[PDB]
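See below for target-v6.txt, which holds compact mmCIF, N, CA and C atoms.
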```txt
# COMPACT_ATOMS: atom_id res chain seq x y z
N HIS A 1 0.84 -1.23 0.00
CA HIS A 1 0.00 0.00 0.00
C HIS A 1 0.86 1.26 0.00
N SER A 2 0.66 2.11 -1.00
CA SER A 2 1.42 3.35 -1.11
C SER A 2 0.85 4.24 -2.21
N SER A 3 1.21 5.52 -2.17
CA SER A 3 0.73 6.48 -3.16
C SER A 3 1.90 7.08 -3.94
N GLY A 4 1.62 7.53 -5.16
CA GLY A 4 2.66 8.13 -5.98
C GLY A 4 2.10 8.92 -7.14
N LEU A 5 2.99 9.42 -8.00
CA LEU A 5 2.58 10.20 -9.16
C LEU A 5 2.56 9.33 -10.41
N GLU A 6 1.53 9.51 -11.24
CA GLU A 6 1.40 8.74 -12.47
C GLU A 6 0.69 9.56 -13.55
N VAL A 7 1.00 9.26 -14.81
CA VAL A 7 0.40 9.96 -15.93
C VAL A 7 -0.70 9.12 -16.58
N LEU A 8 -1.95 9.48 -16.31
CA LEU A 8 -3.09 8.76 -16.87
C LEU A 8 -3.53 9.38 -18.19
N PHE A 9 -4.42 8.68 -18.90
CA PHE A 9 -4.92 9.16 -20.18
C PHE A 9 -6.44 9.34 -20.12
N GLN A 10 -6.95 10.29 -20.91
CA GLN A 10 -8.38 10.55 -20.95
C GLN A 10 -9.03 9.89 -22.15
N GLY A 11 -10.06 9.09 -21.90
CA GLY A 11 -10.76 8.41 -22.97
C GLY A 11 -12.07 9.10 -23.32
N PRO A 12 -13.09 9.00 -22.45
CA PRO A 12 -14.39 9.62 -22.69
C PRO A 12 -14.37 11.12 -22.41
N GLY A 13 -15.55 11.73 -22.32
CA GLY A 13 -15.63 13.15 -22.06
C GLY A 13 -15.09 13.52 -20.69
N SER A 14 -13.88 14.06 -20.66
CA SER A 14 -13.25 14.46 -19.41
C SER A 14 -14.03 15.59 -18.74
N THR A 15 -14.04 15.59 -17.41
CA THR A 15 -14.75 16.61 -16.65
C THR A 15 -13.79 17.68 -16.14
N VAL A 16 -13.73 18.80 -16.86
CA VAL A 16 -12.87 19.90 -16.47
C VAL A 16 -13.59 20.81 -15.48
N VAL A 17 -13.12 20.79 -14.24
CA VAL A 17 -13.72 21.60 -13.18
C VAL A 17 -12.83 22.80 -12.86
N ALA A 18 -11.54 22.63 -13.08
CA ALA A 18 -10.57 23.69 -12.84
C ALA A 18 -9.63 23.83 -14.02
N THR A 19 -9.27 25.07 -14.35
CA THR A 19 -8.38 25.32 -15.46
C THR A 19 -7.38 26.42 -15.12
N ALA A 20 -6.13 26.03 -14.92
CA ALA A 20 -5.07 26.98 -14.61
C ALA A 20 -4.32 27.36 -15.87
N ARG A 21 -4.09 28.65 -16.08
CA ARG A 21 -3.40 29.12 -17.27
C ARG A 21 -2.48 30.29 -16.97
N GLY A 22 -1.29 30.27 -17.57
CA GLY A 22 -0.34 31.34 -17.38
C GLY A 22 0.78 31.32 -18.39
N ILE A 23 0.95 32.43 -19.10
CA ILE A 23 2.02 32.54 -20.08
C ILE A 23 3.35 32.73 -19.36
N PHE A 24 4.28 31.83 -19.62
CA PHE A 24 5.58 31.88 -18.96
C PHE A 24 6.72 32.08 -19.95
N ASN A 25 7.66 32.92 -19.55
CA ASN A 25 8.82 33.25 -20.37
C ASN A 25 10.10 32.79 -19.68
N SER A 26 11.21 32.80 -20.42
CA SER A 26 12.50 32.36 -19.88
C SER A 26 12.72 32.89 -18.46
N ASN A 27 12.13 34.03 -18.15
CA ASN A 27 12.25 34.62 -16.82
C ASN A 27 11.83 33.59 -15.77
N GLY A 28 10.72 32.91 -16.03
CA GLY A 28 10.23 31.90 -15.13
C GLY A 28 9.08 32.36 -14.26
N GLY A 29 8.64 31.48 -13.37
CA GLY A 29 7.54 31.78 -12.48
C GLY A 29 6.78 30.52 -12.10
N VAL A 30 5.63 30.68 -11.44
CA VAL A 30 4.83 29.53 -11.05
C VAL A 30 3.36 29.75 -11.37
N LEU A 31 2.66 28.65 -11.60
CA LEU A 31 1.24 28.70 -11.91
C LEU A 31 0.45 28.00 -10.82
N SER A 32 -0.24 28.78 -10.00
CA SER A 32 -1.02 28.22 -8.91
C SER A 32 -2.49 28.08 -9.30
N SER A 33 -3.12 27.02 -8.80
CA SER A 33 -4.53 26.76 -9.08
C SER A 33 -5.28 26.51 -7.78
N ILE A 34 -5.85 27.56 -7.22
CA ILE A 34 -6.58 27.46 -5.97
C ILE A 34 -7.83 26.59 -6.13
N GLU A 35 -8.43 26.63 -7.32
CA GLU A 35 -9.63 25.85 -7.60
C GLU A 35 -9.45 24.40 -7.17
N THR A 36 -8.21 23.93 -7.16
CA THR A 36 -7.91 22.56 -6.76
C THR A 36 -6.79 22.52 -5.74
N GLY A 37 -5.77 23.34 -5.96
CA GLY A 37 -4.64 23.38 -5.05
C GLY A 37 -3.35 22.95 -5.71
N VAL A 38 -3.34 22.97 -7.04
CA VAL A 38 -2.17 22.57 -7.80
C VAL A 38 -1.34 23.78 -8.22
N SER A 39 -0.03 23.71 -8.00
CA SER A 39 0.87 24.80 -8.36
C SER A 39 2.09 24.27 -9.11
N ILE A 40 2.41 24.91 -10.23
CA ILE A 40 3.56 24.50 -11.04
C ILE A 40 4.66 25.56 -11.01
N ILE A 41 5.78 25.23 -10.39
CA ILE A 41 6.91 26.15 -10.29
C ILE A 41 7.91 25.88 -11.41
N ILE A 42 8.23 26.92 -12.18
CA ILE A 42 9.18 26.78 -13.28
C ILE A 42 10.48 27.52 -12.98
N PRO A 43 11.61 26.79 -12.92
CA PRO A 43 12.92 27.39 -12.66
C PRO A 43 13.36 28.31 -13.80
N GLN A 44 13.96 29.43 -13.43
CA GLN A 44 14.43 30.40 -14.41
C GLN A 44 15.40 29.76 -15.40
N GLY A 45 14.87 29.27 -16.51
CA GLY A 45 15.70 28.64 -17.52
C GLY A 45 14.96 27.56 -18.30
N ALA A 46 13.88 27.05 -17.73
CA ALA A 46 13.09 26.01 -18.38
C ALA A 46 12.61 26.46 -19.76
N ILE A 47 12.38 27.76 -19.90
CA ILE A 47 11.93 28.32 -21.17
C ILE A 47 13.03 29.17 -21.80
N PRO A 48 13.20 29.08 -23.13
CA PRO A 48 14.22 29.85 -23.85
C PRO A 48 13.93 31.34 -23.85
N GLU A 49 14.88 32.13 -24.32
CA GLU A 49 14.74 33.58 -24.37
C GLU A 49 14.00 34.03 -25.63
N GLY A 50 13.39 35.20 -25.56
CA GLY A 50 12.66 35.73 -26.70
C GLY A 50 11.50 34.84 -27.11
N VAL A 51 10.81 34.28 -26.13
CA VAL A 51 9.68 33.40 -26.40
C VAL A 51 8.62 33.51 -25.31
N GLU A 52 7.39 33.14 -25.66
CA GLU A 52 6.27 33.19 -24.73
C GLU A 52 5.40 31.94 -24.88
N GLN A 53 5.47 31.06 -23.89
CA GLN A 53 4.69 29.82 -23.93
C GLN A 53 3.52 29.87 -22.95
N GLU A 54 2.31 29.64 -23.47
CA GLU A 54 1.12 29.64 -22.63
C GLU A 54 0.93 28.27 -21.99
N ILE A 55 1.30 28.16 -20.72
CA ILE A 55 1.15 26.89 -20.01
C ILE A 55 -0.08 26.92 -19.13
N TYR A 56 -1.03 26.04 -19.43
CA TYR A 56 -2.26 25.96 -18.67
C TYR A 56 -2.62 24.51 -18.38
N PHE A 57 -2.82 24.20 -17.11
CA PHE A 57 -3.18 22.84 -16.72
C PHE A 57 -4.62 22.80 -16.23
N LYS A 58 -5.43 21.96 -16.86
CA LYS A 58 -6.83 21.83 -16.49
C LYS A 58 -7.04 20.65 -15.55
N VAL A 59 -7.57 20.95 -14.37
CA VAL A 59 -7.84 19.92 -13.38
C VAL A 59 -9.24 19.35 -13.58
N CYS A 60 -9.30 18.06 -13.89
CA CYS A 60 -10.58 17.40 -14.12
C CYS A 60 -10.96 16.49 -12.96
N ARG A 61 -12.21 16.03 -12.98
CA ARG A 61 -12.71 15.14 -11.93
C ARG A 61 -12.30 13.70 -12.22
N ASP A 62 -12.35 12.86 -11.19
CA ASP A 62 -11.99 11.45 -11.33
C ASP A 62 -13.21 10.62 -11.71
N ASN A 63 -13.58 10.65 -12.98
CA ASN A 63 -14.73 9.90 -13.47
C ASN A 63 -14.52 9.44 -14.91
N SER A 64 -14.07 10.36 -15.76
CA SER A 64 -13.83 10.06 -17.16
C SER A 64 -12.33 9.91 -17.44
N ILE A 65 -11.71 8.92 -16.81
CA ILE A 65 -10.29 8.68 -16.99
C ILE A 65 -9.99 7.18 -17.07
N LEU A 66 -8.76 6.85 -17.44
CA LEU A 66 -8.35 5.45 -17.55
C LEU A 66 -7.38 5.08 -16.43
N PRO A 67 -7.90 4.85 -15.22
CA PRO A 67 -7.07 4.48 -14.06
C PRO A 67 -6.61 3.03 -14.12
N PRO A 68 -5.30 2.80 -14.33
CA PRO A 68 -4.74 1.44 -14.40
C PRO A 68 -4.70 0.75 -13.04
N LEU A 69 -4.93 1.52 -11.98
CA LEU A 69 -4.92 0.97 -10.62
C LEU A 69 -5.95 -0.14 -10.47
N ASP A 70 -5.99 -0.75 -9.29
CA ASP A 70 -6.93 -1.84 -9.02
C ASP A 70 -7.83 -1.49 -7.83
N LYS A 71 -9.03 -1.02 -8.12
CA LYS A 71 -9.98 -0.66 -7.08
C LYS A 71 -10.43 -1.89 -6.30
N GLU A 72 -10.42 -3.04 -6.97
CA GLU A 72 -10.82 -4.30 -6.35
C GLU A 72 -10.00 -4.57 -5.09
N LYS A 73 -8.74 -4.15 -5.11
CA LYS A 73 -7.85 -4.34 -3.97
C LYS A 73 -7.96 -3.17 -3.00
N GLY A 74 -8.32 -2.00 -3.53
CA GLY A 74 -8.45 -0.82 -2.70
C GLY A 74 -7.79 0.40 -3.33
N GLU A 75 -7.07 0.19 -4.43
CA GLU A 75 -6.39 1.28 -5.12
C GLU A 75 -7.39 2.34 -5.58
N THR A 76 -6.90 3.54 -5.84
CA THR A 76 -7.76 4.64 -6.29
C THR A 76 -6.96 5.91 -6.55
N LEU A 77 -7.69 7.02 -6.74
CA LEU A 77 -7.07 8.32 -6.99
C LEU A 77 -7.43 9.30 -5.87
N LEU A 78 -6.41 9.86 -5.24
CA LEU A 78 -6.62 10.82 -4.15
C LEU A 78 -6.13 12.21 -4.53
N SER A 79 -5.72 12.38 -5.79
CA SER A 79 -5.22 13.67 -6.26
C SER A 79 -6.00 14.14 -7.49
N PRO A 80 -6.29 15.45 -7.59
CA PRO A 80 -7.02 16.01 -8.73
C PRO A 80 -6.25 15.85 -10.04
N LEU A 81 -6.90 15.28 -11.04
CA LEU A 81 -6.27 15.06 -12.34
C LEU A 81 -5.80 16.39 -12.94
N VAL A 82 -5.01 16.30 -14.01
CA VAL A 82 -4.49 17.50 -14.66
C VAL A 82 -4.39 17.29 -16.17
N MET A 83 -4.67 18.36 -16.92
CA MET A 83 -4.61 18.30 -18.37
C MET A 83 -3.61 19.32 -18.91
N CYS A 84 -2.46 18.84 -19.35
CA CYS A 84 -1.42 19.71 -19.89
C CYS A 84 -1.96 20.56 -21.03
N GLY A 85 -1.85 21.88 -20.88
CA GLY A 85 -2.34 22.78 -21.91
C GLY A 85 -1.82 22.43 -23.29
N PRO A 86 -0.60 22.87 -23.63
CA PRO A 86 -0.01 22.59 -24.94
C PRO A 86 0.45 21.14 -25.07
N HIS A 87 0.13 20.52 -26.20
CA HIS A 87 0.52 19.14 -26.45
C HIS A 87 1.83 19.08 -27.23
N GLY A 88 2.82 18.41 -26.66
CA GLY A 88 4.11 18.31 -27.31
C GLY A 88 5.02 19.46 -26.96
N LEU A 89 5.11 19.75 -25.67
CA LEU A 89 5.95 20.85 -25.19
C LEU A 89 7.27 20.31 -24.65
N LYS A 90 8.35 21.04 -24.88
CA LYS A 90 9.66 20.60 -24.40
C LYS A 90 10.47 21.77 -23.84
N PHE A 91 10.60 21.79 -22.52
CA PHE A 91 11.35 22.83 -21.84
C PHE A 91 12.84 22.52 -21.83
N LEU A 92 13.65 23.54 -21.58
CA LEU A 92 15.10 23.36 -21.52
C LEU A 92 15.49 22.79 -20.15
N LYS A 93 14.59 22.96 -19.18
CA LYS A 93 14.80 22.46 -17.83
C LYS A 93 13.49 21.93 -17.25
N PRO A 94 13.57 20.94 -16.35
CA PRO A 94 12.39 20.34 -15.73
C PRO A 94 11.65 21.31 -14.81
N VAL A 95 10.33 21.32 -14.93
CA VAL A 95 9.50 22.19 -14.10
C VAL A 95 8.89 21.42 -12.94
N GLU A 96 8.92 22.01 -11.75
CA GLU A 96 8.37 21.36 -10.56
C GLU A 96 6.87 21.56 -10.46
N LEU A 97 6.12 20.47 -10.58
CA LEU A 97 4.67 20.52 -10.49
C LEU A 97 4.20 19.95 -9.16
N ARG A 98 3.38 20.71 -8.44
CA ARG A 98 2.88 20.27 -7.15
C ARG A 98 1.36 20.13 -7.16
N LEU A 99 0.87 19.01 -6.64
CA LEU A 99 -0.57 18.75 -6.58
C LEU A 99 -1.03 18.59 -5.14
N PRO A 100 -2.28 19.00 -4.85
CA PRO A 100 -2.85 18.90 -3.51
C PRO A 100 -3.26 17.48 -3.15
N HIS A 101 -2.32 16.72 -2.60
CA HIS A 101 -2.59 15.34 -2.21
C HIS A 101 -2.61 15.21 -0.69
N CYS A 102 -3.76 14.81 -0.15
CA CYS A 102 -3.92 14.65 1.29
C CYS A 102 -3.69 13.20 1.70
N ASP A 103 -3.64 12.97 3.01
CA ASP A 103 -3.43 11.63 3.54
C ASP A 103 -4.60 10.71 3.18
N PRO A 104 -4.39 9.39 3.26
CA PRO A 104 -5.43 8.40 2.95
C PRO A 104 -6.50 8.31 4.03
N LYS A 105 -6.27 8.97 5.16
CA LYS A 105 -7.22 8.95 6.27
C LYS A 105 -8.52 9.65 5.88
N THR A 106 -8.40 10.73 5.12
CA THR A 106 -9.57 11.49 4.68
C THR A 106 -10.11 10.96 3.35
N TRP A 107 -9.57 9.83 2.90
CA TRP A 107 -9.99 9.22 1.64
C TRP A 107 -11.51 9.13 1.54
N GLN A 108 -12.19 9.05 2.68
CA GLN A 108 -13.64 8.96 2.70
C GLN A 108 -14.24 9.70 3.90
N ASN A 109 -13.46 10.57 4.52
CA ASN A 109 -13.94 11.33 5.67
C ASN A 109 -14.74 12.55 5.22
N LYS A 110 -15.79 12.86 5.97
CA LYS A 110 -16.64 14.01 5.65
C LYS A 110 -15.83 15.30 5.61
N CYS A 111 -14.67 15.30 6.27
CA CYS A 111 -13.80 16.47 6.33
C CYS A 111 -14.27 17.42 7.42
N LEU A 112 -13.47 17.53 8.48
CA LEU A 112 -13.82 18.40 9.60
C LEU A 112 -13.17 19.77 9.45
N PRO A 113 -13.81 20.81 10.01
CA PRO A 113 -13.30 22.18 9.95
C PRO A 113 -12.06 22.37 10.81
N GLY A 114 -11.78 21.39 11.67
CA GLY A 114 -10.62 21.47 12.54
C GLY A 114 -9.32 21.48 11.77
N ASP A 115 -9.25 20.68 10.71
CA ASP A 115 -8.04 20.61 9.90
C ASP A 115 -8.31 19.91 8.56
N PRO A 116 -9.23 20.45 7.76
CA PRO A 116 -9.58 19.88 6.46
C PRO A 116 -8.57 20.24 5.37
N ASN A 117 -7.56 21.03 5.73
CA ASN A 117 -6.54 21.45 4.78
C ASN A 117 -5.14 21.22 5.35
N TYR A 118 -5.06 20.48 6.45
CA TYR A 118 -3.78 20.20 7.09
C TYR A 118 -2.74 19.71 6.09
N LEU A 119 -2.81 18.43 5.74
CA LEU A 119 -1.87 17.84 4.79
C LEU A 119 -2.34 18.01 3.35
N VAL A 120 -3.53 18.57 3.17
CA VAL A 120 -4.07 18.78 1.83
C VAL A 120 -3.06 19.50 0.94
N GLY A 121 -2.21 20.31 1.57
CA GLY A 121 -1.19 21.04 0.84
C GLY A 121 0.21 20.65 1.26
N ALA A 122 0.31 19.88 2.34
CA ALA A 122 1.60 19.43 2.85
C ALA A 122 2.15 18.28 2.01
N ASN A 123 1.44 17.16 2.04
CA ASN A 123 1.85 15.97 1.30
C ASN A 123 1.47 16.10 -0.18
N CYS A 124 1.97 17.14 -0.83
CA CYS A 124 1.69 17.38 -2.24
C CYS A 124 2.58 16.52 -3.12
N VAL A 125 2.07 16.17 -4.30
CA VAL A 125 2.82 15.35 -5.24
C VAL A 125 3.72 16.22 -6.11
N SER A 126 5.02 15.97 -6.04
CA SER A 126 5.99 16.75 -6.82
C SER A 126 6.50 15.95 -8.02
N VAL A 127 6.37 16.53 -9.21
CA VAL A 127 6.83 15.89 -10.43
C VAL A 127 7.57 16.89 -11.32
N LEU A 128 8.72 16.48 -11.84
CA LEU A 128 9.52 17.34 -12.69
C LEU A 128 9.27 17.08 -14.16
N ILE A 129 8.87 18.12 -14.89
CA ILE A 129 8.58 18.00 -16.31
C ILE A 129 9.50 18.86 -17.15
N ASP A 130 10.35 18.19 -17.91
CA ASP A 130 11.25 18.88 -18.81
C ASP A 130 10.53 19.06 -20.14
N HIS A 131 9.78 18.03 -20.50
CA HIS A 131 8.99 18.03 -21.72
C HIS A 131 7.62 17.40 -21.46
N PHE A 132 6.56 18.05 -21.93
CA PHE A 132 5.21 17.54 -21.74
C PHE A 132 4.75 16.76 -22.97
N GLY A 133 4.42 15.49 -22.76
CA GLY A 133 3.99 14.63 -23.86
C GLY A 133 2.84 15.22 -24.66
N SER A 134 2.49 14.55 -25.75
CA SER A 134 1.41 14.99 -26.62
C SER A 134 0.47 13.82 -26.94
N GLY A 135 -0.65 13.76 -26.23
CA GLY A 135 -1.61 12.70 -26.46
C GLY A 135 -3.04 13.19 -26.46
N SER A 136 -3.97 12.29 -26.77
CA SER A 136 -5.38 12.63 -26.81
C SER A 136 -5.86 13.15 -25.46
N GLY A 137 -5.18 12.74 -24.39
CA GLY A 137 -5.56 13.18 -23.06
C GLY A 137 -4.51 12.84 -22.02
N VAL A 138 -3.25 13.11 -22.33
CA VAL A 138 -2.16 12.84 -21.41
C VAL A 138 -2.32 13.64 -20.12
N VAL A 139 -3.05 13.07 -19.17
CA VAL A 139 -3.29 13.74 -17.89
C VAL A 139 -2.48 13.11 -16.77
N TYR A 140 -2.38 13.83 -15.66
CA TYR A 140 -1.64 13.33 -14.50
C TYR A 140 -2.61 12.79 -13.46
N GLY A 141 -2.07 12.22 -12.39
CA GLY A 141 -2.91 11.67 -11.35
C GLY A 141 -2.15 10.81 -10.36
N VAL A 142 -2.44 11.02 -9.08
CA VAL A 142 -1.79 10.26 -8.01
C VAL A 142 -2.30 8.82 -8.00
N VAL A 143 -1.39 7.86 -7.97
CA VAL A 143 -1.78 6.46 -7.96
C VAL A 143 -1.75 5.88 -6.55
N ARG A 144 -2.92 5.48 -6.06
CA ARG A 144 -3.04 4.89 -4.73
C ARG A 144 -2.99 3.37 -4.82
N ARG A 145 -1.84 2.80 -4.50
CA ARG A 145 -1.65 1.36 -4.55
C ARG A 145 -2.38 0.67 -3.40
N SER A 146 -2.57 -0.64 -3.54
CA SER A 146 -3.25 -1.42 -2.51
C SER A 146 -2.42 -2.63 -2.11
```

Please rewrite the model in this file as C-alpha cells.
Amino acid sequence: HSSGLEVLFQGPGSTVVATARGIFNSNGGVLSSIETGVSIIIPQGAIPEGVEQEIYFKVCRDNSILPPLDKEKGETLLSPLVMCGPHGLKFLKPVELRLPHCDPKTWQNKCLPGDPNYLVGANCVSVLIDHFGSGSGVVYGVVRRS
C-alpha cells in the first residue's frame, strides 16, 4: 500500500472543473490553481529567451479517466487530475509541479473544519517535467496502490 505520481490518459468526455493558465517566459515563475490546489513552479531557464509559452493545466474530476490501478484491492485516486495545456511541449529544464494530495485517512472522511486542509497542501505530489507529452488526453494523477 502506497501512493505516488502517475500519468493517466483521458478516454471519454473528461470533466474539467478547474483550469489553470499562465504565459511563462524564460524569466520563469509559477502557476497556482486554488480551484484545486495545484501549483507549477518553473525554474528560471526552463523556457528559452525571446519566447512566450502559454502553459495551462486543467484539473478534471476522477470519473472520465483510464485508471490502471486496481480498485478491487483498494487502489484509487486521491489527487485532482491534470490536463497539460499545450501538447508536445519541451522545456530546456524540468518544471516542478505540485498537486494537492492529502493523507489516505480522509480518503472517505466528511472532512472536519478542525483541519480539512492540514496535509491537503503538505503531502503534495511533486513531479519534474522537462517536456510535456502529446496525447489525446495525457493527464496526471496520483496512484493509490493497494

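Shortest separation to residue 46 in chain A among A:69, A:124, A:95, A:8 occurs at residue A:95, atoms counted being only N, CA and C atoms.
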
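The space between CA of residue 90 in chain A and CA of residue 55 in chain A spans 11.5 Å.
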
Interatomic distance, atom C of residue 94 in chain A to atom N of residue 25 in chain A (Å, one decimal): 13.2 Å

Atom pair CA of residue 142 in chain A / CA of residue 45 in chain A: separation (Å):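 Taking CA of residue 142 in chain A as the start and CA of residue 45 in chain A as the end point, the length is 27.1 Å.
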
For residue 20 in chain A, the nearest of the candidates A:78, A:56, A:7, A:34, counting all atoms listed in the file: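 That would be A:56, the residue with the smallest distance to residue 20 in chain A.
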
Nearby residues (only N, CA and C atoms) at most 8 Å from residue 44 in chain A, same-chain spacing under 5 positions excluded, as a list in words: residues 25, 26, 27, 28, 29 and 93 of chain A

Nearest-residue call for residue 61 in chain A, choices A:47, A:125, A:18, A:111, using all atoms listed in the file: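 Using all atoms listed in the file, the shortest distance to residue 61 in chain A belongs to A:18.
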
Answer as a VMD selection string, residues within 7 Å of (-7.3, 21.0, -10.8) using only N, CA and C atoms: chain A and resid 17 to 20 33 35 to 38 57 to 60 80 to 82

Nearby residues (only C-alpha atoms) at most 9 Å from residue 89 in chain A, same-chain spacing under 5 positions excluded, as JSON, numbers by chain: {"A": [130, 131, 132, 133, 134]}

12 Å contact set for residue 10 in chain A, only C-alpha atoms, chain neighbours under 3 positions out, as a list in words: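 Near neighbours after the sequence-gap exclusion: residues 7, 13, 14, 15, 16, 60, 61, 62, 63, 64, 65, 66, 67, 68, 81, 82, 83, 84, 135, 136, 137, 138, 139, 140 and 141 of chain A.
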
Minimum-distance residue to residue 32 in chain A, chosen among A:110, A:144, A:105, A:98 (using only C-alpha atoms): A:98

Strand (DSSP E) call set, DSSP backbone run, range 11-123 of chain A, as a ChimeraX atom specification: /A:16-24,29-33,38-42,53-60,82-84,89-99

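Comparing A:85, A:113, A:96, A:77 by their smallest distance to residue 41 in chain A, the closest is A:96 (using only N, CA and C atoms).
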
Nearest to residue 79 in chain A by atom-to-atom distance, counting all atoms listed in the file, from A:21, A:145, A:50, A:102: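 Closest to residue 79 in chain A of all the choices is A:102.
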
Close residues, residue 97 in chain A itself excluded, 6 Å, only N, CA and C atoms, min 5 positions apart in chain, as a PyMOL selection string: chain A and resi 39-41+125-129

Can I get the selected residues back with N, CA and C atoms, as a compact mmCIF listing (two decimals), in the frame of the given file?
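What follows is the written file selection_13.txt:
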```
# COMPACT_ATOMS: atom_id res chain seq x y z
N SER A 39 -0.03 23.71 -8.00
CA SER A 39 0.87 24.80 -8.36
C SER A 39 2.09 24.27 -9.11
N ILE A 40 2.41 24.91 -10.23
CA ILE A 40 3.56 24.50 -11.04
C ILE A 40 4.66 25.56 -11.01
N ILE A 41 5.78 25.23 -10.39
CA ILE A 41 6.91 26.15 -10.29
C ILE A 41 7.91 25.88 -11.41
N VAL A 125 2.07 16.17 -4.30
CA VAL A 125 2.82 15.35 -5.24
C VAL A 125 3.72 16.22 -6.11
N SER A 126 5.02 15.97 -6.04
CA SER A 126 5.99 16.75 -6.82
C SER A 126 6.50 15.95 -8.02
N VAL A 127 6.37 16.53 -9.21
CA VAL A 127 6.83 15.89 -10.43
C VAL A 127 7.57 16.89 -11.32
N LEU A 128 8.72 16.48 -11.84
CA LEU A 128 9.52 17.34 -12.69
C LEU A 128 9.27 17.08 -14.16
N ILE A 129 8.87 18.12 -14.89
CA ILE A 129 8.58 18.00 -16.31
C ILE A 129 9.50 18.86 -17.15
```

In chain A, DSSP helix (DSSP H, G or I) residues written as a count of residues only: 4
